[PDB]
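Worksheet: one structure, shown below.
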Amino acid sequence: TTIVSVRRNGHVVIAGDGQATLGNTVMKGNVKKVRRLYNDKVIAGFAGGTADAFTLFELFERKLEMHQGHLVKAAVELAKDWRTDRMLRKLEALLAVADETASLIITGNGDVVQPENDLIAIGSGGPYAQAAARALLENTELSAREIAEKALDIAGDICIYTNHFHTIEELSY
Amino acid sequence: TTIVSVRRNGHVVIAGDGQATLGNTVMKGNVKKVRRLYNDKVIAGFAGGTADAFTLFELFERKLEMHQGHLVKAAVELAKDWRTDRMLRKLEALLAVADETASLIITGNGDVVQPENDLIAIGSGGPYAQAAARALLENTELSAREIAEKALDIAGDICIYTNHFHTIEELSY
Amino acid sequence: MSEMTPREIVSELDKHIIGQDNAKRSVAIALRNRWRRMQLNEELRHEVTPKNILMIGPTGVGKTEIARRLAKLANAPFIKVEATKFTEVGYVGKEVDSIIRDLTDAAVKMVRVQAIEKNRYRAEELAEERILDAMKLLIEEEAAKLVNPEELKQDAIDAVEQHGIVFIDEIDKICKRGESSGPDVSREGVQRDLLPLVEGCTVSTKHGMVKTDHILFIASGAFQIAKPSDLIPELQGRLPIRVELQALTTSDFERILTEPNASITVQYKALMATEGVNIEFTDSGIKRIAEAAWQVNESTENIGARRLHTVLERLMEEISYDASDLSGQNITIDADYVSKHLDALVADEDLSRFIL
Amino acid sequence: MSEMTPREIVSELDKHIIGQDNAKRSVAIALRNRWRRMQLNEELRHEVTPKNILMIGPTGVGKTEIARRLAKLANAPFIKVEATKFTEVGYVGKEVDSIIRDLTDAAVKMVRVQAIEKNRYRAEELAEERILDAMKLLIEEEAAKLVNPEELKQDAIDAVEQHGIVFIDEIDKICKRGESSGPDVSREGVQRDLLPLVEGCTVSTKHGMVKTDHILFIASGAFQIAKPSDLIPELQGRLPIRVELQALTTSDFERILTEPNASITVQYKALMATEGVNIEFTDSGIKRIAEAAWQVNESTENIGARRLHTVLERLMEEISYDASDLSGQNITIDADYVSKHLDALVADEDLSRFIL
Ligand SMILES: Nc1ncnc2c1ncn2[C@H]1C[C@H](O)[C@@H](COP(=O)(O)OP(=O)(O)O)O1
Ligand SMILES: Nc1ncnc2c1ncn2[C@H]1C[C@H](O)[C@@H](COP(=O)(O)OP(=O)(O)O)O1
């Protein structure tokens, strides 16, 4: 599994794989690990349990209603609900959400990480993806879509827990 | 990771690396691992999860002005709020705060240890940083900021879990 | 029934609320049908039930204001209830029916204040016939002279019966599917404790047994967490009208500042007059104002048009203290002033959370 | 009629409180606008809502003192409430509306105590007129024939309605932050059980139907762990004025000790007077005292100016017991006396926790 997201020029995208691996075999190898929210932008990927997710996800698309837009002033009273709170606690999920203002992360502890360049790479293929991505995002042109998708493909190629069915939501600003 | 502080002359400073580490690779390596409860003075650091670490950050923040600048008069009715109390335990962080009075350390459990000379050294490379810290803070006329910055570097240099993106606050007392 | 067609109900409502034409139209129908329906057969009398509106919108827009003035204009009784009170998660008690067992009082203490005039003059031309200390008492002593049995009694519920409006507040939050706040359904009980009210029933109170089979009901809430579809089903059906009010703009606060015919600024104006000073604000003075409110909202907690109120009084503090002095002078408030007493504040993320 | 501009309200308040001028002015404007508004159009007189103040500050500074004395000043009705009670996280009950069903009693039981000297003289020159017991009882009895119906209520309520003053206390205590004392919004409910009061409503009581539409409200709290922005939004809106009072200095203690026109030290004086003793309070005495207070506050738990009280009475302990003796003598309390009963005590800190 490898969730990717590169921001380039006018846009920022998130790519992901569809390989779901139970034990040493791949079941539904086409899981839509990357979803939007489309209420209005804010593309977020997800890495790990597909059950132990969604909750810690759509929970987002509601504060992204009140706090409207302020992804930032969203993760505050939002993300919080994951550590010192209730609802969902003690799982495994790395929802990589992307606004139009910045791409954050959450080590699954009501946490928040801001990638040194807004380049996100988590997953049993996270490093791999990163590396290729990083290598392009600075020695070629190619867009956020491209560089992301070309990198996820490189990830899937090295990581045996990652495949090639892709899913990507884009936008513009 | 290495939080350092070296009370010296009319000042006390806290330095820190910015290396966040997922297993055997490094994500956000520019982590603002040090901030100050801008309430005038009271600089602290953090060693561990970036998530929670924040809680014990604002936690202090408030108790301060009510317990009005009386730092010590805080950890009693403040720090404690970890061990017992019900706020939140079963976490991992070391907010190494410091007024213009003294520099303490909480192993997380509402604890509190104070360096034989106020030299604080925590983090993975925590020891290394202190070995240099002590060595200079004993054979040179160097500054509190210097001996720290100079130490955090030797640390990062020898500990594979600490890098060189620094971050350091200070003042004058 | 005081009358007034939908078009005419929106007109009045615009002298007070700016924008949100959608709701104004909306509550303008539910109101109209009253007038209509009451003109039909004894039949459809107990068949055509009210026409309740559910307002869905952010905080500050105008839901509650619309229904407050809509009442004032209907000259009917009105009462605002925080739906959650009756949730009293503190394990107490509270007959929902109390909601009615109040909208009667309001519509009672009213019938007596709405008659201090209805026969003021007449009763005073009597305070003459009887004369020509204790000169200002015989005025009051006419409180009996003036007829009050029956009419100013039974005709009183017919008010809290004709078309008095009950505006529930934050109906949402009383729903269940919320997660952030998803405790149980004892909450949803409050939903089921209202049905009598909004499905037809009679409650027993002091001045008499009143019936809510004809009360008009306006409930609100943001629905940030939950949807109107998450309300118990009975309610969904006894709530024909659904309207989404919009979030006010910077261009809206500029208006809410001067337009409405009792305006905020126009209040200070009259107010600061008592002290001999004459004030006047510049379009741009009033602009930065707005911009200020909008600023505090974005920057910290978004409360809405309500922010005008604080930002405003906060920028007239100086003037109002001094005011007694300044008499015979005409202080002018332009932007280079608004900023002079607000950019500071508004700039500080934290102070703004205290005095703005 | 009381009245008096903002400048005369800060004056009057200084005869009692030390410092905190920002508050006195701020509470002196909210006030003034009443008299201001009272004189306007039937319209605005029912539009310009009161002007509430939210006080933010440490314990022991004036918040509560300013408004208690701001009441006496206005001569109007006052009443202090702990917002916490109405939270009773036990599971009892406490109809907030009650807050009014008192500021009526206190505004009525007052009338009967405001009139025992409104016709005192009068009823007596008659309590001797029907005799030429003779004043022993016949006065009260005659004080029974002193025209008392109707007038009472009308005024009583219209005294509350006019401008009673409700000072909520420690409101900050009913907001919700995050960690520590972060139980649940049940609390935020107590916030919602108030809106009515602080937004316009009628409450039925013994003496009559009172309307809190025109009541002034002064809430407080230190806001140690919670900003006033964390208060339900409807309150943020009905709370136009914000003052942050400051922490009193030792210099303030020295002042609070002697200045105010009914000082504490000046009370002891008269008190030890009735015992023929005469006290003089040296400046350095008045000072070492302050230092005493300040010390116990820094050293142990910080209570505030309140401290003066204990530490002070703890200094005349000796004096007052003996006092009966000493008649015809003038005791002199100077620095090396204040310290002959303080230093060794204010120094143990633990004892300091029991008797100081
Ligand atoms: N669109 C609008 N036009 C005029 N006044 C408005 C307004 N929106 C709000 N206000 C004013 C009137 C109210 O006294 C105050 C708060 O509004 P409200 O109707 O009580 O809020 P809401 O119904 O969103 O909870 O702000
Ligand atoms: N600035 C001041 N000047 C004079 N007396 C003061 C004062 N601040 C406090 N006091 C006195 C009057 C009160 O009886 C006592 C406690 O103060 P308070 O006003 O009751 O407390 P607070 O308003 O902090 O809740 O101390």
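Scheme for the structure tokens: letters A, B, ... for chains in order shown; per-chain residue numbers from 1; ligand numbers from 1 in order shown.
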(Q) Please find the residues of chain A near chain C - the criterion being any atom within 7 Å, counting only C-alpha atoms - and write them as a ChimeraX atom specification. (A) /A:62,65-66,87
I need the chosen residues saved as an mmCIF file, in the first residue's frame, with N, CA and C atoms.
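Contents of part-v6.cif, freshly written:
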```
data_model
loop_
_atom_site.group_PDB
_atom_site.id
_atom_site.type_symbol
_atom_site.label_atom_id
_atom_site.label_comp_id
_atom_site.auth_asym_id
_atom_site.auth_seq_id
_atom_site.Cartn_x
_atom_site.Cartn_y
_atom_site.Cartn_z
ATOM 1 N N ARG A 62 -16.933 16.874 8.023
ATOM 2 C CA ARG A 62 -18.052 17.492 8.711
ATOM 3 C C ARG A 62 -17.565 18.763 9.375
ATOM 4 N N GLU A 65 -16.958 21.582 7.389
ATOM 5 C CA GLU A 65 -18.258 22.194 7.103
ATOM 6 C C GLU A 65 -18.414 23.410 8.030
ATOM 7 N N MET A 66 -18.307 23.155 9.337
ATOM 8 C CA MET A 66 -18.408 24.207 10.336
ATOM 9 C C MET A 66 -17.181 25.067 10.159
ATOM 10 N N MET A 87 -14.516 7.706 20.745
ATOM 11 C CA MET A 87 -14.843 7.214 19.400
ATOM 12 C C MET A 87 -13.881 6.108 18.978
#
```
Q: List every residue of region 85-314 of chain D that DSSP, applied to the backbone, labels as strand (DSSP E or B), and write the result as a ChimeraX atom specification.
A: /D:165-169,202-204,209-211,216-219,241-244,277,280-281
Q: Write down, as a VMD selection string, each residue of chain D that has any atom within 8 Å of an atom of chain C, counting only C-alpha atoms.
A: chain D and resid 5 to 7 25 to 26 28 to 29 33 36 to 37 39 to 40 44 47 to 48 56 88 to 93 151 186 189 192 to 193 196 202 204 209 227 to 229 233 to 234 237 239 to 243
Q: Kindly compile the residues surrounding ligand 1 within 7 Å, counting only C-alpha atoms and all ligand atoms, and format them as a ChimeraX atom specification.
A: /C:16-20,58-66,248,256,260,305-306
Keeping only N, CA and C atoms, take the residues you just selected and write them out as a PDB file, in the first residue's frame.
```
ATOM      1  N   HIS C  16     -36.031  44.705   8.600  1.00  0.00           N
ATOM      2  CA  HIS C  16     -35.267  44.220   9.745  1.00  0.00           C
ATOM      3  C   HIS C  16     -34.092  43.309   9.399  1.00  0.00           C
ATOM      4  N   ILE C  17     -34.326  42.286   8.579  1.00  0.00           N
ATOM      5  CA  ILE C  17     -33.263  41.358   8.193  1.00  0.00           C
ATOM      6  C   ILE C  17     -32.761  41.660   6.790  1.00  0.00           C
ATOM      7  N   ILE C  18     -31.462  41.593   6.539  1.00  0.00           N
ATOM      8  CA  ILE C  18     -31.053  41.809   5.155  1.00  0.00           C
ATOM      9  C   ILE C  18     -30.847  40.409   4.605  1.00  0.00           C
ATOM     10  N   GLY C  19     -30.998  40.249   3.304  1.00  0.00           N
ATOM     11  CA  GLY C  19     -30.803  38.943   2.708  1.00  0.00           C
ATOM     12  C   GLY C  19     -31.696  37.824   3.209  1.00  0.00           C
ATOM     13  N   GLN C  20     -31.268  36.593   2.924  1.00  0.00           N
ATOM     14  CA  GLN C  20     -31.993  35.398   3.316  1.00  0.00           C
ATOM     15  C   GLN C  20     -33.404  35.449   2.771  1.00  0.00           C
ATOM     16  N   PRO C  58     -25.829  28.189   9.046  1.00  0.00           N
ATOM     17  CA  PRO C  58     -24.761  28.450  10.008  1.00  0.00           C
ATOM     18  C   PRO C  58     -25.211  29.399  11.099  1.00  0.00           C
ATOM     19  N   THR C  59     -24.344  29.620  12.067  1.00  0.00           N
ATOM     20  CA  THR C  59     -24.689  30.480  13.187  1.00  0.00           C
ATOM     21  C   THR C  59     -24.560  31.944  12.835  1.00  0.00           C
ATOM     22  N   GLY C  60     -25.558  32.716  13.281  1.00  0.00           N
ATOM     23  CA  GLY C  60     -25.594  34.150  13.047  1.00  0.00           C
ATOM     24  C   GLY C  60     -26.422  34.644  11.874  1.00  0.00           C
ATOM     25  N   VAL C  61     -26.570  33.829  10.844  1.00  0.00           N
ATOM     26  CA  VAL C  61     -27.331  34.244   9.693  1.00  0.00           C
ATOM     27  C   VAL C  61     -28.623  35.003   9.995  1.00  0.00           C
ATOM     28  N   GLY C  62     -29.690  34.362  10.459  1.00  0.00           N
ATOM     29  CA  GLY C  62     -30.905  35.123  10.741  1.00  0.00           C
ATOM     30  C   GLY C  62     -32.167  34.354  11.122  1.00  0.00           C
ATOM     31  N   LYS C  63     -32.071  33.025  11.132  1.00  0.00           N
ATOM     32  CA  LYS C  63     -33.192  32.148  11.455  1.00  0.00           C
ATOM     33  C   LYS C  63     -34.056  32.701  12.568  1.00  0.00           C
ATOM     34  N   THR C  64     -33.462  32.789  13.744  1.00  0.00           N
ATOM     35  CA  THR C  64     -34.140  33.259  14.927  1.00  0.00           C
ATOM     36  C   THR C  64     -34.648  34.678  14.821  1.00  0.00           C
ATOM     37  N   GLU C  65     -33.890  35.538  14.138  1.00  0.00           N
ATOM     38  CA  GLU C  65     -34.281  36.936  13.972  1.00  0.00           C
ATOM     39  C   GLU C  65     -35.529  37.023  13.097  1.00  0.00           C
ATOM     40  N   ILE C  66     -35.525  36.279  11.994  1.00  0.00           N
ATOM     41  CA  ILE C  66     -36.663  36.188  11.077  1.00  0.00           C
ATOM     42  C   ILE C  66     -37.982  35.851  11.799  1.00  0.00           C
ATOM     43  N   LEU C 248     -23.689  34.881   5.909  1.00  0.00           N
ATOM     44  CA  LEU C 248     -23.563  36.304   5.613  1.00  0.00           C
ATOM     45  C   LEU C 248     -22.166  36.729   5.117  1.00  0.00           C
ATOM     46  N   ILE C 256     -26.081  45.113   7.375  1.00  0.00           N
ATOM     47  CA  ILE C 256     -26.650  44.898   8.695  1.00  0.00           C
ATOM     48  C   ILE C 256     -26.259  46.047   9.617  1.00  0.00           C
ATOM     49  N   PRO C 260     -31.255  47.804   7.751  1.00  0.00           N
ATOM     50  CA  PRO C 260     -32.424  47.571   8.596  1.00  0.00           C
ATOM     51  C   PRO C 260     -32.894  48.808   9.342  1.00  0.00           C
ATOM     52  N   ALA C 305     -22.904  37.544  12.281  1.00  0.00           N
ATOM     53  CA  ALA C 305     -23.328  38.939  12.300  1.00  0.00           C
ATOM     54  C   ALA C 305     -23.360  39.439  13.714  1.00  0.00           C
ATOM     55  N   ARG C 306     -23.354  38.499  14.638  1.00  0.00           N
ATOM     56  CA  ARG C 306     -23.375  38.837  16.031  1.00  0.00           C
ATOM     57  C   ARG C 306     -22.113  39.630  16.362  1.00  0.00           C
TER      58      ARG C 306
END
```
Q) Taking only C-alpha atoms into account, which residues of chain B are within 12 Å of chain A, as a PyMOL selection string? A) chain B and resi 18-33+48-56+82+86-92+165
Those same residues, written as a PDB file, in the first residue's frame with C-alpha atoms?
```pdb
ATOM      1  CA  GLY B  18      14.039  18.074  13.791  1.00  0.00           C
ATOM      2  CA  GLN B  19      14.344  14.419  12.815  1.00  0.00           C
ATOM      3  CA  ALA B  20      11.111  12.476  12.872  1.00  0.00           C
ATOM      4  CA  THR B  21      11.723   8.729  12.294  1.00  0.00           C
ATOM      5  CA  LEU B  22       9.432   6.055  10.867  1.00  0.00           C
ATOM      6  CA  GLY B  23      11.213   2.770  11.469  1.00  0.00           C
ATOM      7  CA  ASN B  24      14.433   3.083   9.501  1.00  0.00           C
ATOM      8  CA  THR B  25      13.706   6.186   7.423  1.00  0.00           C
ATOM      9  CA  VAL B  26      13.172   9.860   8.053  1.00  0.00           C
ATOM     10  CA  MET B  27      10.027  11.857   7.347  1.00  0.00           C
ATOM     11  CA  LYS B  28       9.520  15.499   8.419  1.00  0.00           C
ATOM     12  CA  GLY B  29      13.187  16.052   9.265  1.00  0.00           C
ATOM     13  CA  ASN B  30      12.561  19.730   9.920  1.00  0.00           C
ATOM     14  CA  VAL B  31      10.359  19.249  12.995  1.00  0.00           C
ATOM     15  CA  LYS B  32       9.950  22.337  15.203  1.00  0.00           C
ATOM     16  CA  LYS B  33      10.867  20.220  18.214  1.00  0.00           C
ATOM     17  CA  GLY B  48       8.702  11.606  21.430  1.00  0.00           C
ATOM     18  CA  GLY B  49       5.375  11.641  19.638  1.00  0.00           C
ATOM     19  CA  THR B  50       4.692  14.964  17.941  1.00  0.00           C
ATOM     20  CA  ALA B  51       1.026  14.298  18.519  1.00  0.00           C
ATOM     21  CA  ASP B  52       0.491  14.310  22.290  1.00  0.00           C
ATOM     22  CA  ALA B  53       3.680  16.211  23.113  1.00  0.00           C
ATOM     23  CA  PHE B  54       1.521  19.252  22.322  1.00  0.00           C
ATOM     24  CA  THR B  55      -0.998  18.555  25.061  1.00  0.00           C
ATOM     25  CA  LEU B  56       1.525  18.895  27.890  1.00  0.00           C
ATOM     26  CA  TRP B  82      -0.675  13.163  34.076  1.00  0.00           C
ATOM     27  CA  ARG B  86      -7.608  11.419  34.541  1.00  0.00           C
ATOM     28  CA  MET B  87      -6.363  13.963  31.958  1.00  0.00           C
ATOM     29  CA  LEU B  88      -4.229  11.448  30.072  1.00  0.00           C
ATOM     30  CA  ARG B  89      -1.531   8.886  30.855  1.00  0.00           C
ATOM     31  CA  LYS B  90      -0.045   5.953  28.923  1.00  0.00           C
ATOM     32  CA  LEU B  91       1.747   8.485  26.665  1.00  0.00           C
ATOM     33  CA  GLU B  92       5.388   9.431  25.965  1.00  0.00           C
ATOM     34  CA  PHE B 165      17.726  20.913  11.487  1.00  0.00           C
TER      35      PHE B 165
END
```
(Q) Based on the backbone DSSP call, show me all residues of region 97-291 of chain D assigned alpha helix (DSSP H), as a PyMOL selection string. (A) chain D and resi 111-114+120-124+138-142+151-163+186-192+233-237+250-258+265-273+283-291
Mind dumping the selected residues with C-alpha atoms as a PDB file, in the first residue's frame?
```pdb
ATOM      1  CA  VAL D 111     -39.086  48.332  48.981  1.00  0.00           C
ATOM      2  CA  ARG D 112     -40.433  47.531  52.453  1.00  0.00           C
ATOM      3  CA  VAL D 113     -36.998  48.453  53.863  1.00  0.00           C
ATOM      4  CA  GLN D 114     -36.723  51.506  51.632  1.00  0.00           C
ATOM      5  CA  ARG D 120     -40.880  56.967  59.166  1.00  0.00           C
ATOM      6  CA  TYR D 121     -41.015  60.551  60.400  1.00  0.00           C
ATOM      7  CA  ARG D 122     -44.518  61.051  59.004  1.00  0.00           C
ATOM      8  CA  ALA D 123     -46.162  58.012  60.619  1.00  0.00           C
ATOM      9  CA  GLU D 124     -44.646  59.015  63.955  1.00  0.00           C
ATOM     10  CA  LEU D 138     -48.963  51.896  67.402  1.00  0.00           C
ATOM     11  CA  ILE D 139     -46.268  53.191  65.022  1.00  0.00           C
ATOM     12  CA  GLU D 140     -45.959  49.888  63.152  1.00  0.00           C
ATOM     13  CA  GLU D 141     -49.742  49.503  63.462  1.00  0.00           C
ATOM     14  CA  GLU D 142     -50.014  52.957  61.943  1.00  0.00           C
ATOM     15  CA  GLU D 151     -48.056  50.838  44.175  1.00  0.00           C
ATOM     16  CA  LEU D 152     -45.829  48.152  45.650  1.00  0.00           C
ATOM     17  CA  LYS D 153     -45.765  45.681  42.737  1.00  0.00           C
ATOM     18  CA  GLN D 154     -45.922  48.024  39.746  1.00  0.00           C
ATOM     19  CA  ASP D 155     -42.818  49.733  41.146  1.00  0.00           C
ATOM     20  CA  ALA D 156     -41.219  46.573  42.521  1.00  0.00           C
ATOM     21  CA  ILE D 157     -41.248  44.758  39.203  1.00  0.00           C
ATOM     22  CA  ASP D 158     -40.788  48.027  37.327  1.00  0.00           C
ATOM     23  CA  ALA D 159     -37.777  48.355  39.621  1.00  0.00           C
ATOM     24  CA  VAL D 160     -36.412  45.075  38.328  1.00  0.00           C
ATOM     25  CA  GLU D 161     -37.635  45.783  34.798  1.00  0.00           C
ATOM     26  CA  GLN D 162     -36.314  49.312  35.222  1.00  0.00           C
ATOM     27  CA  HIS D 163     -32.800  48.224  35.881  1.00  0.00           C
ATOM     28  CA  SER D 186     -24.064  19.066  29.849  1.00  0.00           C
ATOM     29  CA  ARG D 187     -22.305  22.061  31.340  1.00  0.00           C
ATOM     30  CA  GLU D 188     -22.566  24.022  28.088  1.00  0.00           C
ATOM     31  CA  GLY D 189     -26.255  23.471  28.734  1.00  0.00           C
ATOM     32  CA  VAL D 190     -26.278  25.785  31.726  1.00  0.00           C
ATOM     33  CA  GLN D 191     -25.002  28.265  29.168  1.00  0.00           C
ATOM     34  CA  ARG D 192     -28.085  27.540  27.078  1.00  0.00           C
ATOM     35  CA  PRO D 233     -21.974  32.085  20.669  1.00  0.00           C
ATOM     36  CA  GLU D 234     -25.337  33.492  21.592  1.00  0.00           C
ATOM     37  CA  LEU D 235     -23.776  34.679  24.845  1.00  0.00           C
ATOM     38  CA  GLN D 236     -20.735  36.067  23.096  1.00  0.00           C
ATOM     39  CA  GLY D 237     -23.267  38.228  21.293  1.00  0.00           C
ATOM     40  CA  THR D 250       1.282  45.508  47.244  1.00  0.00           C
ATOM     41  CA  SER D 251       0.829  49.219  46.683  1.00  0.00           C
ATOM     42  CA  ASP D 252      -2.830  48.465  46.051  1.00  0.00           C
ATOM     43  CA  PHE D 253      -3.083  46.582  49.304  1.00  0.00           C
ATOM     44  CA  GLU D 254      -1.598  49.565  51.168  1.00  0.00           C
ATOM     45  CA  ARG D 255      -4.321  51.533  49.485  1.00  0.00           C
ATOM     46  CA  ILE D 256      -7.204  49.114  49.907  1.00  0.00           C
ATOM     47  CA  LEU D 257      -6.257  49.223  53.566  1.00  0.00           C
ATOM     48  CA  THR D 258      -6.731  52.932  54.199  1.00  0.00           C
ATOM     49  CA  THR D 265      -8.558  49.778  58.964  1.00  0.00           C
ATOM     50  CA  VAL D 266     -10.956  52.652  59.483  1.00  0.00           C
ATOM     51  CA  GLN D 267     -13.556  50.120  60.637  1.00  0.00           C
ATOM     52  CA  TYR D 268     -11.245  48.549  63.177  1.00  0.00           C
ATOM     53  CA  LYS D 269     -10.675  52.115  64.364  1.00  0.00           C
ATOM     54  CA  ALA D 270     -14.282  52.839  65.207  1.00  0.00           C
ATOM     55  CA  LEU D 271     -14.617  49.291  66.438  1.00  0.00           C
ATOM     56  CA  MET D 272     -11.803  49.630  68.987  1.00  0.00           C
ATOM     57  CA  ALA D 273     -13.283  53.049  69.717  1.00  0.00           C
ATOM     58  CA  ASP D 283       2.214  54.149  57.264  1.00  0.00           C
ATOM     59  CA  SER D 284       4.953  51.551  57.582  1.00  0.00           C
ATOM     60  CA  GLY D 285       2.449  49.521  59.522  1.00  0.00           C
ATOM     61  CA  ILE D 286      -0.123  49.775  56.782  1.00  0.00           C
ATOM     62  CA  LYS D 287       2.778  48.747  54.547  1.00  0.00           C
ATOM     63  CA  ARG D 288       4.299  45.729  56.323  1.00  0.00           C
ATOM     64  CA  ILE D 289       0.711  44.611  56.430  1.00  0.00           C
ATOM     65  CA  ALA D 290       0.394  44.688  52.657  1.00  0.00           C
ATOM     66  CA  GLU D 291       3.686  42.869  52.410  1.00  0.00           C
TER      67      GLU D 291
END
```
Q | Atom pair atom 13 (C, counted along the ligand's line) of ligand 2 / CA of residue 197 (chain D): separation (Å) | A | 26.7 Å
**Q.** Best match for closeness to ligand 2 among D:38, D:73, D:259, D:217, counting only C-alpha atoms and all ligand atoms
**A.**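 Nearest to ligand 2: D:259.
What separates CA of residue 335 (chain C) from CA of residue 276 (chain C) is a distance of 23.0 Å.
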Q. Which polymer residues have any atom within 10 Å of an atom of residue 63 (chain B), counting only C-alpha atoms, with same-chain residues fewer than 6 positions away left out, as a ChimeraX atom specification?
A. /B:69-71,73-75,77-79 /D:224-225
Can you spit out the residues from that selection as a PDB file, in the first residue's frame, using C-alpha atoms?
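After the write, again-v1.pdb holds the following:
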```
ATOM      1  CA  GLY B  69       4.750  32.784  36.645  1.00  0.00           C
ATOM      2  CA  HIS B  70       5.396  30.574  39.685  1.00  0.00           C
ATOM      3  CA  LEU B  71       6.651  27.721  37.495  1.00  0.00           C
ATOM      4  CA  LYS B  73       4.039  26.164  41.900  1.00  0.00           C
ATOM      5  CA  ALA B  74       2.784  24.601  38.690  1.00  0.00           C
ATOM      6  CA  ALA B  75       4.098  21.033  38.227  1.00  0.00           C
ATOM      7  CA  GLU B  77      -1.022  21.217  40.576  1.00  0.00           C
ATOM      8  CA  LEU B  78      -0.120  20.944  36.895  1.00  0.00           C
ATOM      9  CA  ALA B  79       2.379  18.281  35.837  1.00  0.00           C
TER      10      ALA B  79
ATOM     11  CA  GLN D 224      -7.820  30.537  33.617  1.00  0.00           C
ATOM     12  CA  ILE D 225      -8.389  27.535  31.330  1.00  0.00           C
TER      13      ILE D 225
END
```
Q: Name the residues in contact with residue 132 (chain B) at a cut-off of 9 Å, using only C-alpha atoms, excluding same-chain residues fewer than 5 positions from it; report them as a ChimeraX atom specification.
A: /B:127,137,147-148,150-152,154-155
Expected file contents, prior selection, N, CA, C and O atoms, as a compact mmCIF listing (two decimals), in the first residue's frame:
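Output file selection_34.txt follows:
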```txt
# COMPACT_ATOMS: atom_id res chain seq x y z
N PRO B 127 22.23 11.41 25.57
CA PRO B 127 23.49 11.37 26.33
C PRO B 127 24.61 12.11 25.62
O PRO B 127 25.18 13.06 26.13
N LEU B 137 30.84 23.22 28.73
CA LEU B 137 30.35 23.96 29.87
C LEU B 137 31.29 23.72 31.04
O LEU B 137 30.87 23.85 32.19
N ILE B 147 27.20 26.53 23.66
CA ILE B 147 27.42 25.19 24.19
C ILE B 147 26.28 24.23 23.87
O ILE B 147 26.49 23.03 23.76
N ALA B 148 25.09 24.77 23.71
CA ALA B 148 23.93 23.96 23.39
C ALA B 148 23.99 23.62 21.91
O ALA B 148 24.07 22.46 21.52
N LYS B 150 26.32 23.84 19.87
CA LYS B 150 27.55 23.13 19.57
C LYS B 150 27.41 21.66 19.97
O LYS B 150 28.00 20.77 19.36
N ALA B 151 26.63 21.43 21.02
CA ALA B 151 26.38 20.10 21.58
C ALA B 151 25.34 19.30 20.79
O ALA B 151 25.53 18.11 20.50
N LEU B 152 24.23 19.96 20.45
CA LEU B 152 23.18 19.33 19.69
C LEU B 152 23.77 18.83 18.37
O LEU B 152 23.26 17.87 17.80
N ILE B 154 27.05 17.78 17.88
CA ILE B 154 27.88 16.60 18.11
C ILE B 154 26.94 15.43 18.25
O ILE B 154 27.20 14.36 17.72
N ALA B 155 25.81 15.65 18.93
CA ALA B 155 24.79 14.63 19.13
C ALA B 155 24.34 14.09 17.79
O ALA B 155 24.60 12.93 17.44
```
**Q.** Nearest to residue 173 (chain A) by atom-to-atom distance, counting only C-alpha atoms, from A:99, A:61, A:105, A:14
**A.**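 Checking each of A:99, A:61, A:105, A:14 against residue 173 (chain A), counting only C-alpha atoms, the winner is A:99.
With only C-alpha atoms as the atoms that count, the minimum distance from residue 214 (chain D) to the choices D:195, D:244, D:127, D:164 is reached by D:164.
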